Amino acid sequence: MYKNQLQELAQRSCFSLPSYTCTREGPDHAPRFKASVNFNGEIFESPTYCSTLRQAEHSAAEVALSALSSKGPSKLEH
């Protein structure tokens, strides 16, 4: 949902579609996930630990989406 919304914004610019990558590091006993997303030349990575790559992609997309709007959404607003 949120991820798709971010992609739609890029399509409107007719510039380039968003890109995301996922890497796996750390021991099997203590696995660590890390993903990075590049949107409009800006790179955003999950700021919190992600159990699965799905969370990493969401965290990256959310950061890019929020960054694009630039602290747009607010609790006080509306």
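Counting in the entry's author numbering, the sequence shown runs from 1 upward without gaps. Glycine residues also receive a C-beta, built at the ideal position from the N, C-alpha and C atoms.
For residue i, which residues from the same chain have a beta carbon less than 6 Å from its beta carbon, with the 5 sequence-adjacent residues on both sides left out?
| i | result |
| --- | --- |
| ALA10 | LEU17, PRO18 |
| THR23 | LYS34 |
Just reading off the beta strand (DSSP E) that residue i is part of, what are its end residues?
| i | result |
| --- | --- |
| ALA35 | 32-39 |
Residue i and residue j: beta carbons closer than 8 Å?
| i | j | result |
| --- | --- | --- |
| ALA64 | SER36 | no |
| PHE33 | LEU6 | no |
Answer with yes or no whether the minimum CB distance from residue i to chain C is below 8 Å.
| i | result |
| --- | --- |
| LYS34 | Protein chains in the displayed structure number just one, and chain C is not present. |
Identify, in the order they occur along the chain, each residue of the same chain with its Cβ nearer than 8 Å to the Cβ of residue i, setting aside the five sequence neighbours on each side.
| i | result |
| --- | --- |
| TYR2 | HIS58, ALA61, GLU62, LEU65 |
| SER51 | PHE33 |
Roughly how many angstroms lie between the CA atoms of residue i and residue j, to the nearest whole one?
| i | j | result |
| --- | --- | --- |
| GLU45 | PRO27 | 21 Å |
| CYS14 | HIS78 | 31 Å |
Between which residues of its own chain and residue i is the CB-CB distance below 7 Å, once the five residues before and five after are set aside?
| i | result |
| --- | --- |
| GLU42 | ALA64, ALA67 |
(request) Could you pull out every unbroken beta strand (DSSP E) segment of at least 3 residues lying fully inside the stretch 6-71, listed in chain order? (result) With a minimum length of 3 residues, the continuous beta strand (DSSP E) runs that stay inside the stretch 6-71 are 19-25, 32-39, 42-45.
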